[PDB]
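Below: the structure, in structure tokens.
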Amino acid sequence: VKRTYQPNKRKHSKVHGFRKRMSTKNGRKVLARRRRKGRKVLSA
Amino acid sequence: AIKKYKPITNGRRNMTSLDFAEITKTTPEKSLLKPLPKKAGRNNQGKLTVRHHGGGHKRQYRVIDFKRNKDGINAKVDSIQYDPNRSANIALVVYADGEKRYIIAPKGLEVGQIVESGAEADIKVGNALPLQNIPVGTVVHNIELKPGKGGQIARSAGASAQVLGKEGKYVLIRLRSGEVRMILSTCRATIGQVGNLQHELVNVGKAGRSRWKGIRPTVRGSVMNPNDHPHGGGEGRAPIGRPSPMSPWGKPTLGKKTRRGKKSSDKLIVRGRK
RNA sequence: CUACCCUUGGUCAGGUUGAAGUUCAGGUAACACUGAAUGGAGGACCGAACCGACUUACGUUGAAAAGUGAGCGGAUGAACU
RNA sequence: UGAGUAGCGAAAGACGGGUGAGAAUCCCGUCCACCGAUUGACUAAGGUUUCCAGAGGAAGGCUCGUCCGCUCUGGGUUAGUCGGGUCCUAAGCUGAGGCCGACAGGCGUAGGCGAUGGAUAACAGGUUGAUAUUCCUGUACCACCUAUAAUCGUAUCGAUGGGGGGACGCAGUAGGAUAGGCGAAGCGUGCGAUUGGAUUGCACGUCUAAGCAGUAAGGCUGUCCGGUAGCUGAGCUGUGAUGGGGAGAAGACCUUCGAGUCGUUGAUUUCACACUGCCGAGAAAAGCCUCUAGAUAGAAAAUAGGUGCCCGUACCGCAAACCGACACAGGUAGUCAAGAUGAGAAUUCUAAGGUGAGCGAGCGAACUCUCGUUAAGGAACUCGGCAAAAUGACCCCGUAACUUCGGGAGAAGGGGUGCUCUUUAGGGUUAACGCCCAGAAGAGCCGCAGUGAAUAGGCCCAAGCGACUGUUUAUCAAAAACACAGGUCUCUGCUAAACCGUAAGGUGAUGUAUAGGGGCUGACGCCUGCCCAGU
RNA sequence: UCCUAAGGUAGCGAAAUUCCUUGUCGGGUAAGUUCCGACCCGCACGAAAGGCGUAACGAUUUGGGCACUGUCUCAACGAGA
RNA sequence: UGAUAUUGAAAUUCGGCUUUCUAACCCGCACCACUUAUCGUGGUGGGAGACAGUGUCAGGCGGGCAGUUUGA
């Protein structure tokens, strides 16, 4: 049986990366909500 | 010039192909080659807008000139070549200057042709000439609509149209569909009819042969669900049920007219299609 | 993950059947009928890898939230990856 | 509480000697067993120190544990050439100025980014507890820099411009070569048990890049550049590279040292999209060559030295370390592919190389599960011949109704099959001798049984539905349901109809009525009648 | 004679349609509510939500034979977990 | 589909129905330039032309989509 999560370094950085969220206006609001809460890592 | 197969196996049984007896050279020209990637009926947004497209064999684009504009230069046809983009064959001509290009090959043409202006040469096959210097009753193809744009009408296989009387500024042309319209007299035209007349007599034979041409299967609306097609679904096989058949998008598609394209052209369309 | 598509790559032990055409001897004003060799077509045939999941048994606080045994289907194509 | 109850996750182990408080479980030795188109050897993704050495036994390991992928303390990844960047571009993404839009923003030209592709200089051995095309030995190549010579000087450099090349599909034989394979006797060390043998029985039978030649076969012929009326490329082999390395083994004891490297045969799925055929007609750009615009001044012969950066490199990698909550019968691209037996990567037993599966000892009850046989009957079982049994490979003989002439067909139904000797024209390979693959016939021996094991269709007479190959409810329905080639109706003169946004901008289509969208029907054969009140 | 806009033609028929029904008569069985061939009295077949046929093809659905056997009369014994 | 603004100038004919003309508006029509591209802007030529396109107001069609009723 084949599972639903196959790891990938490039696909994880090209969709949820820091530069990916800093290119859109709605993604810029995601980094702000995590700074307000105080998370350790912002984009991953 | 129609090749017929023997029923060796099923599928191959009632098949039919062409003979390709008119083609001379098999390898194309390297200078007039352009890439042509597939779209599969998908928009610039990435969404499917035209159904039943997708797949097929790889192809390349061969630059064909439809303007046919030269000042009295002679060209001799070299070979008739195959074109996977159109249903008609193409011909490679060589001018006296030393230039090569592809034109649509008419029916029965191997002799040299001249890209002629008014009264430059005789009315022969494959000669580009304005509609003012063509006598009444002469059949033509690959005619322009707007001057300098290029040939648009009558480009399919075995297509042609003749010239009726003139009215000073416009001429009268009876198209292949039977429709009659006026065309400006400063538009070019090629004398003769285009070949490949036996292109429509071909039987595909099996489903896999239509697949590698770029065609995907068609599902009937009667075997869909009530949220997919207006013909919906009922218990067992059911008739249309509606007072009129419907398109998948909810518009009557059996008899209703959809003439809304250009309102300026109704001045020039004399009689409808036959 | 899955469904369709786009661009660029890779994979398919081994056997069998013998279409078109060409050649050739006969056959005819002529077209072309016959035989012989040649030819190697096909969503063709048998069958491993590969990909599927038809019948049955076992399992069912399972080895596994969909599996394993015994057979079974496609296997140069509308194939699989 | 259930209860000292279920379970302890596919499988062969036995003994002797060690260590230690404590051993069926850790170490070493021997015998036995399992895999071997793989349980072996390399690699991409992914994981991220699980790799190595000396110590430890609280927790973790479905038992034990002195052991560990666990704990503690110190260590271990070396590149001008191997992969990625200082090189080129597919899809796609992004886009100065622009077009559009209540805002946010959307689209898009020039230009960029982006390999799974194209281009691009290194190969043999040695060595450590852990690294090797990287370190050390031996012989090479490449880009650049400077200093000296042949020789100069209309020599020379040319672009981001022109042109050529790069440059591409599928199937199918035939042929050249080569790797590995097998046999006879190179050399090496054994030569004897339990009855007879000394014509004995084992094991070796190598060596790369670069540069010197000659080579199966293939293509092609006579802006000064491109267009108009012998010239390139090419597997392989020979010599040197090598008075060196590796080497079955022996004589003495990073110790010295010295040992053979032949011919025969059969041969690839590796080395040519080369060559013929076919229709569905098979990216792009750069490097590389050449032409002139433009630069008006060097060495493309040679000598001698010198210079050459950044990232990855440990370990697992069909698995106990990856994805599945686990040390989980599941899932994971590519490469290497031995002997006998065979058409074969099938089947059985083995090689190189691995492993013995992280609970055991007894007993040989009912019952359940996986296997074997069974007298006399042979579907009397059951909703149903469900499940089992039987048929099975190769060479011969023979073969019906029906038919779209292809088929039906491996129709049905039958025979032959081991071992020994004799006689005997034939295939290839070499001057022969030899080696390899084979065919007729005849005369005998043996057993209940000769493709003695494993591997491999049951068939036949009728009817219903769908023509056929194909597709479908991942995880209770694979079918008569969908698709399909064919038929028909209707819309669409090109800024086409249609669709998305219902704006710019796109698909349709770089197409043009022998074309494109939508409804219905569904190969082929014979046919498709009546009605326009109503909608 | 009444009626409408016209009144089911070619084919096929107790059918994947027939309620009455296990219709009636043949064939197959020692015995057949299923199966095959006809009949037509079609509740409620019918001509492109096509009618009637048809070789090749099917892990499709039905009826009947030949081999074959622990399916069954009716069970017994042995090996491993 | 009509009325009205963008929207002008002439001539037939009972303020309108018409026919012509060019200057607005339009051209996924050629040519030239910025520009090593033609997306765009601006020129020179053709076609079309007071129509089309667009704004406001009005009538019709509209299970294509949406909100809800269907008694005891």
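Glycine gets a Cβ as well: all are built from the backbone with ideal geometry, and neighbour counts include every protein chain shown. Taken together, the values in this text are just the output of simple stated rules run on the coordinates, not laboratory data.
Details
- Across B:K149/B:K263; B:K169/B:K257; A:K11/A:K37; B:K3/B:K257; B:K58/B:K274, pairs whose alpha-carbon gap is larger than 29 Å: B:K169/B:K257; B:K3/B:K257; B:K58/B:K274
- Calculated on the Cα set of the protein assembly as shown, radius of gyration then Dmax: 28.0, 87 Å.
- Value of relative contact order over chain B, rounded to a whole percent, pairs C-alpha under 8 Å and six or more apart: 17
- Neighbour net charge for B:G192 - beta-carbon separation under 10 angstrom, K R +1, D E -1: +2
- Size of electric dipole in the range B:197-274: Cβ of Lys, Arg +1 and of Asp, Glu -1, about Cα centre, debye, nearest 20: 580
- Farthest towards the positive end of the charge dipole of the range B:195-270, among the residues B:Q198, B:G234, B:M246, is the Cα of B:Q198, using unit charges on the Cβ of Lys, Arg, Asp and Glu.
- Cα gyration tensor, the range B:200-271 - rounded (a/c under 1.5), prolate or oblate: oblate
- Over the range B:71-186, the pair-distance histogram of Cα-Cα distances with 5 Å bins from zero comes to 2, 11, 20, 23, 22, 13, 7, 2, 0 percent, rounded to whole numbers.
- Size of chain B from its Cα atoms: along the principal axes, largest to smallest, the extents are 72, 52, 40 Å.
- A viscosity of 1.567 mPa s and a temperature of 4 °C, combined with the Kirkwood radius over Cα pairs in Stokes-Einstein, give a translational diffusion coefficient for chain A of 110 µm²/s.
- Cβ crowding within 10 Å ranks B:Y82, B:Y102 as B:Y82, B:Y102, fewest other Cβ atoms first.
- Highest GNM mean-square fluctuation among B:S244, B:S264, B:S185, for chain B modelled with Cα contacts below 10 Å: B:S244.
- The residues A:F18, B:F66, when put in order of fewest to most other Cβ atoms within 10 Å, stand as A:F18, B:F66.
- Once the Cα atoms are used to define both axes, helix A:25-37 deviates from the longest principal axis of chain A by about 80 degrees.
- Relative contact order, percent, the range B:195-270 [alpha-carbon distance under 8 Å, six or more residues apart]: 15
- In this Cβ point-charge picture (+1 for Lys and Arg, -1 for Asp and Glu), chain A has a dipole of about 120 debye about its Cα centre.
- The calculated P(r) of the range B:116-245, using every Cα pair and 10 Å bins from 0, goes 11, 28, 17, 16, 17, 9, 2, 0 in percent.
- Alpha carbon centroid spacing (whole Å) that separates the range B:132-173 from the range B:1-51: 29
- Charged-residue dipole, Cβ positions (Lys, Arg, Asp, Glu), the range B:100-205 about Cα centre, Debye nearest 20: 280
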